[PDB]
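Each of the two blocks below gives one form of the same protein chain as structure tokens; they are labelled structure 1 and structure 2.
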Structure 1
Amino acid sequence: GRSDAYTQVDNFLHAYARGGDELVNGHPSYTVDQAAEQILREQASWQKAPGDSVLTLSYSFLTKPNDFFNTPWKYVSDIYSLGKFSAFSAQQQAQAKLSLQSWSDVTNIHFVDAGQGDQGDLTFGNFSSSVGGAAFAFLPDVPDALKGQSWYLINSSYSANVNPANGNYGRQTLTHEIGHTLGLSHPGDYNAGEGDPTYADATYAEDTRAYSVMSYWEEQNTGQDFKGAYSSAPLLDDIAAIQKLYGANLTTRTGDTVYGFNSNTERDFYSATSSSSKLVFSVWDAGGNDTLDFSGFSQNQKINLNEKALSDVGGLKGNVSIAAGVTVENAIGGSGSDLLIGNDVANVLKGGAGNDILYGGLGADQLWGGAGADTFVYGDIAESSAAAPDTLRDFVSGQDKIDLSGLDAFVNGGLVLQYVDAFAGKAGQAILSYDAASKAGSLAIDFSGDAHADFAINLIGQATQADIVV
């Protein structure tokens, strides 16, 4: 029967399911695309200037109140005074630039620094008299007197916007409000301080900040948990939404990119610097041989390389995801016992220390268990065909295991393996080979019974009959 290892793989592959027909948390469940359409429901957007191949927007940091701040009531009925105006501090400006960059990284927009003043298409400023929330901004369908503006609350009672930093609320607020200025709405109809909106007022279940920084609701509402951290950059649904407006940025990170520890992204939110780093990010990558390096954590992790999939990394739940249309090739676990799930292409999976469970999936995968008792799982013979077999690069007989327990042939067909030296037209016959000289080995199986191997796994290190679980 199916082993615990197989069940763990199967269970995580189906974790954080969305888009089904049944209700979730009393709400309809949306696919990434449906969520994107919903976020863009107001149909607001910037028009690319004539002669520009890509939308170009300048930004500036107000030095003094603009027309809107001086007489808000002339542009917004509800507001009479925004209190005391203050310019963005050096820290606020530096962080705003990182948030702007996180948006231009995923879609086709070129942001241009317009300095200090009111010359930018997008402007930033602080105010002290709350109008219901921590900040606000205007969609690009408003009159020029308000277009591109985002405002942030700062006073003796609220200091979250004073020191925005990687992973905190102040930084997400910048990313969120900037999102509005570019054309994104909250995933549902609600506004801070206006009435008493709750997650129950959401249009769809996935309206949480595990999927969109535009959401007002906690990631815990959908089962994720970032231990108090906040995504500093666009999430899964944000990426899909903004790309519907200005397209996918196919020039971004086309090199062999590493995310997590030892990152070469030069992006604070994609980088881990210690064993205590709380990572929260959605990967947008346009090409190359990429790796999710989570080697620096000790907690048991669950990593899923499929597009749109969420992973439990560094002790958090569903904090790492891969954007729709993105292909991440490799994954490196930490010192804990991890679950590494590959995708349809050839993946390099390294478990590291601990008793890991690796699942290459389709394609000829290079699997390293590392130290500890590791298990290499197969759920379909197509995952390691004789034509394109996986290679177990550090197999240790008596310690590691080749797990075929979930294969249909066994759990449903009741096939029994017969180890032989050569196929003779009998389904289930298997050949275990090993060359001491090259230290190379292999397992070949003829499931159909046509005397031809239809499943094979190459090995660097010997494997015996006892190392194979069925």
Structure 2
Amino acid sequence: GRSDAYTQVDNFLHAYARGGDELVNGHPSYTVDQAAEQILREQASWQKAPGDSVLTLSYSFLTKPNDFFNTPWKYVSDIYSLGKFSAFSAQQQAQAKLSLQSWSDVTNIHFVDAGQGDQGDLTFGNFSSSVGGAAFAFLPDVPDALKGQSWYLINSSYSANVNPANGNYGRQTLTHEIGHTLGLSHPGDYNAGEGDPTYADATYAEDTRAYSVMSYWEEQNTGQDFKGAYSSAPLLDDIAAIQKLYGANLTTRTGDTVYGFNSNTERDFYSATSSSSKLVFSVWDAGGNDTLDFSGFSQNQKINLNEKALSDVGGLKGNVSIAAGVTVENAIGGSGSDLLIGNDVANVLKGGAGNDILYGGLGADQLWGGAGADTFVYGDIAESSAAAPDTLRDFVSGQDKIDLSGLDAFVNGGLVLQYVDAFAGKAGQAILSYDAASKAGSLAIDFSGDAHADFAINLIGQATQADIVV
């Protein structure tokens, strides 16, 4: 009968489900693509210049008011005044460049620094009198006089935009408004709308800050919890949306990249500096052997390397995701009791201290449970074919367990394992080998009864029959 260990894997594999025919939060559930289509509903976009291979947009920081500032009412009907104008401070400029970069990392856009003034295709400036919210931008389908502008509220009472920094609202607002200048709309409001909306007014359930920085709804609405932090860079649905517009950037991080601790992506939102770090990011990577290093956290974590899946990293829930079309290969857990689930390719999963549950999935994985009593789960024989078997690089009999309880053959077929020394031609025969010389163990099982192993598991440590769970 299925074990608790296998149950935890199955549960997390289906956590944060999207696209179900069901009504989630009284709203239809959209897939990543349906969501992208919704975010792009206005059909606004920049046109790539003649002879340019990539869309090239320059940006500049306004030094004095422009036409729209002086005469807002000539463009936006109900804006009589914007208060006092002020230029972007040094911090706002540095942070604005990091947000711009986070967009160019995922699409084919090359941002050029036009400096101080009104010469850039995208301009940034501050205003002091709110017209409703804390900032605003114009999509690229407006007359040339307005195209590319984004404005941010700064005054004695509202200070969120004064010091943008990794993880805070000020930084997300920059990323959000720039999104607008690039062509992205809020995930909702167009068919109708009002003055005081709530998440109840969302078009689809995944319109929350866990899937799109363009949303205004808390991630809690969908089950995630970033504990006060805000994503500084584009999230799962934003990447998909911006990519339909300007294509996927296939030149980004093509080397062997590490995300989290010991990061080599010179990006603040992909790096963890201490155990107290609150990470919130969606991985976009175009190539190489990559690792999600979450070694520094002591909390119980759940990591899923499948694309489009979210993980509960460092104390937060559903804070780490992997974009569509991305293959991350390895993951390293921390000292807490973790759940690491791999994807279709060969993965290196390291549970570290604590009692972990490792699920390699398809491909020949290298599973390391590390200190503690770890469980290595399997739910399909093809996950460790005899042709391309897994390798348990640090098995410890009487401590670690190999979990086979969720296989169909056992849970439905009622197959019983008979430990033989040679395949005779009966289904259910298993040979537990072990060369004391190399200290290399082995487990082969013939499910089809044709005297040939269908499922195999290499080992480096001793595996007794009392270690295998069915």
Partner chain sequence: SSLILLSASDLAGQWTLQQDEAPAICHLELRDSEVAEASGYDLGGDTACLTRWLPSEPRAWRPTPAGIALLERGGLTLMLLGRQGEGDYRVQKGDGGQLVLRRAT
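All residue numbers here follow the sequence of structure 1, with the first residue given the number 1. Shifts are known only where both forms have a C-alpha. Take the two forms, find the largest set of C-alpha atoms that superpose within 1.5 Å, and that set is the rigid core.
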{"item": "Label of the structure corresponding to the form deposited without its partner chain", "value": "2"}
{"item": "Rigid core superposition between structures 1 and 2: residue from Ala192, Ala382, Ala114, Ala87 with Cα shift of 2 Å or more", "value": "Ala192"}
{"item": "For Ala96, CA displacement between structures 1 and 2 after the core is overlaid, in Å", "value": "0.3"}
{"item": "Core superposition result - C-alpha of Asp144, shift between structures 1 and 2, Å", "value": "1.0"}
{"item": "Consecutive stretches, 3 or more residues long, displaced between structures 1 and 2 (C-alpha shift of at least 2 Å once the core is aligned)", "value": "190-194"}
